[PDB]
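> The structure's right below; bear with me while I get my questions together.
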Amino acid sequence: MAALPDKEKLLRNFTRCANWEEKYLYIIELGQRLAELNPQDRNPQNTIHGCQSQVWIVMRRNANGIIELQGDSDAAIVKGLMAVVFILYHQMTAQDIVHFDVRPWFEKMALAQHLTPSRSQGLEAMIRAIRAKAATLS
């Protein structure tokens with residue numbers, strides 16, 4: 001995630017994209033830059049439902065109180081959308097996550113309007129899953 005743009009830079013970059021062709025490529029490239037998931041974390045406990053693709057996300061709270069996200073998907077566009085979500089939540093506490101309204105961010109990035117209903121539903125599933133997980137922490 002260190003390697004990837006912080007959320008303010010990510011948003012800025014999306015706003016400078018000339019078209020959906022460019023944004024789509026950016027999304028694909030972002031997914032390719034996620035860390036490889038530990039194979040042990042590809043387990044049913046980390047499986048995310050509703051993405052019409054295989055998706056795993058693992059959330060862990062580090063000893064500093066910060067949430068670390070890792071994941072993978074067998075669909076390239078889903079994995080890039082996952083990277084976007086991960087960027088948005090990068091360096092946040094669990095409480096930060098629960099209270100963070102992602103909507104104005106995604107609205108400014110203007111992604112969802114170009115996604116298929118399948119990919120839009122899948123993005124929403126990932127965000128629901130992470131928020132629910134974050135909410136269960138002390």
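By order in the structure tokens, chains are A, B, ...; within a chain, residues start at 1; ligands start at 1, following the order shown.
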List the spatial neighbours of range 64-69 of chain A as a PyMOL selection string - criterion: any atom at most 12 Å away, only C-alpha atoms, same-chain residues fewer than 2 positions off excluded.
chain A and resi 1-2+34-37+41+46+56-62+71-72+82-98+126-127+129-131+133-135+137-138
> Can you spit out the residues from that selection as a PDB file, in the first residue's frame, using C-alpha atoms?

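Listing of out_33.pdb after writing:
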ATOM      1  CA  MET A   1       0.000   0.000   0.000  1.00  0.00           C
ATOM      2  CA  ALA A   2       3.106   2.148   0.554  1.00  0.00           C
ATOM      3  CA  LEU A  34      -1.725  -5.378  -4.600  1.00  0.00           C
ATOM      4  CA  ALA A  35       0.444  -7.663  -2.471  1.00  0.00           C
ATOM      5  CA  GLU A  36       0.046 -11.347  -3.035  1.00  0.00           C
ATOM      6  CA  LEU A  37      -2.381 -12.844  -0.534  1.00  0.00           C
ATOM      7  CA  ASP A  41      -5.745 -16.567   3.925  1.00  0.00           C
ATOM      8  CA  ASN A  46     -12.062 -14.639   4.275  1.00  0.00           C
ATOM      9  CA  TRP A  56     -11.066 -12.898  -0.623  1.00  0.00           C
ATOM     10  CA  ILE A  57     -10.411 -10.074   1.858  1.00  0.00           C
ATOM     11  CA  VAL A  58      -8.721 -10.417   5.180  1.00  0.00           C
ATOM     12  CA  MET A  59      -8.795  -7.678   7.808  1.00  0.00           C
ATOM     13  CA  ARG A  60      -6.510  -7.546  10.717  1.00  0.00           C
ATOM     14  CA  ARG A  61      -6.070  -4.921  13.407  1.00  0.00           C
ATOM     15  CA  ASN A  62      -2.353  -4.388  14.122  1.00  0.00           C
ATOM     16  CA  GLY A  71      -7.045  -9.626  -0.643  1.00  0.00           C
ATOM     17  CA  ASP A  72      -7.292 -11.090  -4.124  1.00  0.00           C
ATOM     18  CA  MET A  82     -10.560  -3.842  -4.357  1.00  0.00           C
ATOM     19  CA  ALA A  83      -7.320  -1.803  -4.580  1.00  0.00           C
ATOM     20  CA  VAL A  84      -9.302   1.389  -4.751  1.00  0.00           C
ATOM     21  CA  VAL A  85     -11.266   0.403  -1.568  1.00  0.00           C
ATOM     22  CA  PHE A  86      -8.026  -0.573   0.144  1.00  0.00           C
ATOM     23  CA  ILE A  87      -6.534   2.826  -0.675  1.00  0.00           C
ATOM     24  CA  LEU A  88      -9.586   4.631   0.671  1.00  0.00           C
ATOM     25  CA  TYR A  89      -9.260   2.701   3.999  1.00  0.00           C
ATOM     26  CA  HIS A  90      -5.460   2.746   4.186  1.00  0.00           C
ATOM     27  CA  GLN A  91      -4.040   3.743   7.594  1.00  0.00           C
ATOM     28  CA  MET A  92      -7.554   3.920   9.172  1.00  0.00           C
ATOM     29  CA  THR A  93      -8.667   2.550  12.521  1.00  0.00           C
ATOM     30  CA  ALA A  94     -11.736   0.317  12.731  1.00  0.00           C
ATOM     31  CA  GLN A  95     -13.762   3.282  13.938  1.00  0.00           C
ATOM     32  CA  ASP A  96     -12.446   5.415  11.085  1.00  0.00           C
ATOM     33  CA  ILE A  97     -13.698   2.771   8.680  1.00  0.00           C
ATOM     34  CA  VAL A  98     -17.147   2.568  10.207  1.00  0.00           C
ATOM     35  CA  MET A 126     -16.635  -5.566  -0.780  1.00  0.00           C
ATOM     36  CA  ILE A 127     -17.313  -2.307   0.956  1.00  0.00           C
ATOM     37  CA  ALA A 129     -18.012  -6.772   4.031  1.00  0.00           C
ATOM     38  CA  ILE A 130     -15.148  -4.607   5.191  1.00  0.00           C
ATOM     39  CA  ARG A 131     -17.393  -2.219   7.151  1.00  0.00           C
ATOM     40  CA  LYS A 133     -15.756  -6.607   9.865  1.00  0.00           C
ATOM     41  CA  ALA A 134     -14.440  -3.234  11.097  1.00  0.00           C
ATOM     42  CA  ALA A 135     -17.618  -2.778  13.193  1.00  0.00           C
ATOM     43  CA  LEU A 137     -13.752  -4.634  16.759  1.00  0.00           C
ATOM     44  CA  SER A 138     -13.573  -3.330  20.403  1.00  0.00           C
TER      45      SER A 138
END
> Which neighbours of residue 28 in chain A fall inside 8 Å, counting only C-alpha atoms, when residues of the same chain fewer than 2 positions from it are skipped, and could you give them as a ChimeraX atom specification?
/A:24-26,30-32,76-77,79-80
> With distances taken over only C-alpha atoms, which of A:128, A:119, A:54, A:109 is nearest to residue 14 in chain A?
A:109
> If you run DSSP on this backbone, which residues of range 1-134 of chain A come out as strand (DSSP E), and could you give them as a VMD selection string?
chain A and resid 55 to 61 67 to 73
> Give me the residues within 12 Å of range 110-112 of chain A as number ranges by chain, counting only C-alpha atoms and dropping any in the same chain fewer than 6 places off.
A: 11-27, 77, 80-81, 84, 103-104, 118-124
> Check range 13-47 of chain A with DSSP on the backbone and list each residue it calls alpha helix (DSSP H), as a ChimeraX atom specification.
/A:13-15,20-32
> I need the residues from that last selection saved to file as a CSV table (one decimal), in the first residue's frame (with N, CA and C atoms), if you can.

chain,number,residue,atom,x,y,z
A,13,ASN,N,-6.0,11.7,-9.5
A,13,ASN,CA,-5.6,11.1,-10.7
A,13,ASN,C,-6.8,10.6,-11.5
A,14,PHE,N,-7.9,10.1,-10.8
A,14,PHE,CA,-9.1,9.7,-11.5
A,14,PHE,C,-9.7,10.9,-12.2
A,15,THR,N,-9.7,12.1,-11.5
A,15,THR,CA,-10.4,13.3,-12.1
A,15,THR,C,-9.6,13.8,-13.3
A,20,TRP,N,-13.4,6.8,-19.9
A,20,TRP,CA,-13.5,5.5,-19.3
A,20,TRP,C,-12.4,4.5,-19.7
A,21,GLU,N,-12.0,4.6,-20.9
A,21,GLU,CA,-10.9,3.7,-21.4
A,21,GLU,C,-9.7,3.9,-20.5
A,22,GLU,N,-9.3,5.1,-20.1
A,22,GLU,CA,-8.2,5.4,-19.3
A,22,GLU,C,-8.4,5.0,-17.8
A,23,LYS,N,-9.6,5.3,-17.3
A,23,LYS,CA,-9.9,4.9,-15.9
A,23,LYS,C,-9.9,3.4,-15.7
A,24,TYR,N,-10.5,2.7,-16.7
A,24,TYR,CA,-10.5,1.3,-16.7
A,24,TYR,C,-9.1,0.7,-16.6
A,25,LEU,N,-8.2,1.2,-17.4
A,25,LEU,CA,-6.8,0.7,-17.4
A,25,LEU,C,-6.1,1.0,-16.1
A,26,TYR,N,-6.4,2.2,-15.5
A,26,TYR,CA,-5.9,2.6,-14.3
A,26,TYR,C,-6.4,1.6,-13.2
A,27,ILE,N,-7.7,1.3,-13.2
A,27,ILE,CA,-8.2,0.3,-12.3
A,27,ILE,C,-7.5,-1.1,-12.4
A,28,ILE,N,-7.4,-1.6,-13.6
A,28,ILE,CA,-6.6,-2.8,-13.8
A,28,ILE,C,-5.2,-2.8,-13.3
A,29,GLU,N,-4.5,-1.7,-13.6
A,29,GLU,CA,-3.1,-1.5,-13.2
A,29,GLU,C,-3.0,-1.5,-11.6
A,30,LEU,N,-3.9,-0.8,-11.0
A,30,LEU,CA,-4.0,-0.7,-9.5
A,30,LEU,C,-4.1,-2.1,-8.9
A,31,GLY,N,-5.0,-2.9,-9.5
A,31,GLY,CA,-5.2,-4.2,-8.9
A,31,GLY,C,-4.0,-5.1,-9.0
A,32,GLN,N,-3.2,-4.9,-10.0
A,32,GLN,CA,-2.0,-5.7,-10.3
A,32,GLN,C,-0.9,-5.3,-9.3
> By how many Å are CA of residue 125 in chain A and CA of residue 50 in chain A apart?
5.8 Å
